[PDB]
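The structure appears right after this line, and notes come after that.
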Amino acid sequence: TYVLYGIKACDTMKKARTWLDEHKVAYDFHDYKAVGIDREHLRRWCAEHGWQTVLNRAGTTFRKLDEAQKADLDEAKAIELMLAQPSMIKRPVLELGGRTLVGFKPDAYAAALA
C-alpha cells in the first residue's frame with residue numbers, strides 16, 4: 001500500500017495527487033487535519049532523509065516559532081516541533097514500501113512509479 005501524507009488545501013499536494021491519480025496509482029491519503037501524526041513516522045522519515053529535509057523551515061509555521069524553539073536544532077528537537085504542529089512537515093511524504101519521497105519532484109515520482 002502506497003501512502004501519501006499531507007493535507008488537502010496545499011498546491012504541492014494538489015500537484016502530486018494529480019500526478020499520482022493520472023498515472024492510476026492507488027494510494028491511501030493520511031491527512032494531518034483528520035488524523036494528526038505520531039513520533040514513529042517522524043523518526044523514520046528523519047532517519048531516511050534528515051530533519052532539515054523533513055522539517056519545512058522555509059514555511060510560515062516555522063517562521064512564526066519563538067527564539068528558544070528554533071535554537072540548536074537536531075533530530076530529536078525537530079521531531080518534537082513537527083509532532084505538535086504537523087503544518088511544519090514538508091509535503092508530501094510518499095511511502096513506497098522500502099523508502100519514501102519527500103516533496104514533489106515529478107522525475108522522482110516517475111522513477112518510483114512509472
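Going by the C-alpha cells order, chains are called A, B, ..., each with residues numbered from 1, while ligands are numbered from 1 in the order shown.
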
For range 60-69 of chain A: contacts at 7 Å, only C-alpha atoms, fewer than 2 positions along chain excluded, given as JSON, numbers by chain = {"A": [56, 57, 58, 71, 87, 88]}

Spatial neighbours of range 17-23 of chain A, max dist 9 Å, only C-alpha atoms, sep filter under 2 positions, as a VMD selection string | chain A and resid 4 12 to 15 25 to 27 106 109 113 to 114

With a distance cut-off of 12 Å and only C-alpha atoms, select the neighbouring residues of residue 46 in chain A, excluding the residue or stretch itself and same-chain residues fewer than 3 positions from it, and output the selection as a VMD selection string.
-> chain A and resid 39 to 43 49 to 55 74 to 80 82 89 to 90 93 99 to 102

Give the alpha helix (DSSP H) residues of range 22-84 of chain A, as assigned by DSSP on the backbone, as a ChimeraX atom specification.
-> /A:22,32-35,39-49,51-54,60-63,67-70,75-84

Next, dump the selected residues to file, keeping only C-alpha atoms, as a PDB file, in the first residue's frame.
ATOM      1  CA  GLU A  22      -3.321  10.460 -13.678  1.00  0.00           C
ATOM      2  CA  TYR A  32      -2.901  15.610   9.167  1.00  0.00           C
ATOM      3  CA  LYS A  33      -6.112  17.647   9.671  1.00  0.00           C
ATOM      4  CA  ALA A  34      -8.086  14.390  10.047  1.00  0.00           C
ATOM      5  CA  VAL A  35      -5.706  12.074  11.953  1.00  0.00           C
ATOM      6  CA  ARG A  39       6.645  10.204  16.529  1.00  0.00           C
ATOM      7  CA  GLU A  40       7.108   6.788  14.984  1.00  0.00           C
ATOM      8  CA  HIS A  41       6.530   8.209  11.498  1.00  0.00           C
ATOM      9  CA  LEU A  42       8.619  11.296  12.098  1.00  0.00           C
ATOM     10  CA  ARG A  43      11.571   9.285  13.412  1.00  0.00           C
ATOM     11  CA  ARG A  44      11.542   7.025  10.362  1.00  0.00           C
ATOM     12  CA  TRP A  45      11.312   9.896   7.886  1.00  0.00           C
ATOM     13  CA  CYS A  46      14.083  11.840   9.593  1.00  0.00           C
ATOM     14  CA  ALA A  47      16.303   8.742   9.739  1.00  0.00           C
ATOM     15  CA  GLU A  48      15.990   8.338   5.981  1.00  0.00           C
ATOM     16  CA  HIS A  49      16.101  11.975   4.838  1.00  0.00           C
ATOM     17  CA  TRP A  51      15.401  16.523   9.821  1.00  0.00           C
ATOM     18  CA  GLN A  52      16.300  19.514   7.623  1.00  0.00           C
ATOM     19  CA  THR A  53      14.671  17.735   4.697  1.00  0.00           C
ATOM     20  CA  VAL A  54      11.540  16.677   6.596  1.00  0.00           C
ATOM     21  CA  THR A  60       5.257  30.153   7.607  1.00  0.00           C
ATOM     22  CA  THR A  61       4.575  27.905  10.567  1.00  0.00           C
ATOM     23  CA  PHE A  62       8.251  27.518  11.369  1.00  0.00           C
ATOM     24  CA  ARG A  63       8.930  31.212  10.730  1.00  0.00           C
ATOM     25  CA  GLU A  67      13.527  32.047  19.578  1.00  0.00           C
ATOM     26  CA  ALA A  68      14.035  29.229  22.049  1.00  0.00           C
ATOM     27  CA  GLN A  69      12.090  26.871  19.789  1.00  0.00           C
ATOM     28  CA  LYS A  70      14.376  27.461  16.805  1.00  0.00           C
ATOM     29  CA  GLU A  75      16.727  15.448  15.004  1.00  0.00           C
ATOM     30  CA  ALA A  76      15.131  14.986  18.424  1.00  0.00           C
ATOM     31  CA  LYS A  77      14.134  18.614  18.752  1.00  0.00           C
ATOM     32  CA  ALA A  78      12.821  18.857  15.191  1.00  0.00           C
ATOM     33  CA  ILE A  79      10.643  15.809  15.738  1.00  0.00           C
ATOM     34  CA  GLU A  80       9.032  17.394  18.803  1.00  0.00           C
ATOM     35  CA  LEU A  81       8.216  20.545  16.832  1.00  0.00           C
ATOM     36  CA  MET A  82       6.607  18.587  13.984  1.00  0.00           C
ATOM     37  CA  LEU A  83       4.724  16.282  16.328  1.00  0.00           C
ATOM     38  CA  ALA A  84       2.843  19.158  17.934  1.00  0.00           C
TER      39      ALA A  84
END

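Of the listed residues A:72, A:16, A:3, A:29, the one whose atoms come nearest to residue 103 in chain A is A:16, with distances taken using only C-alpha atoms.
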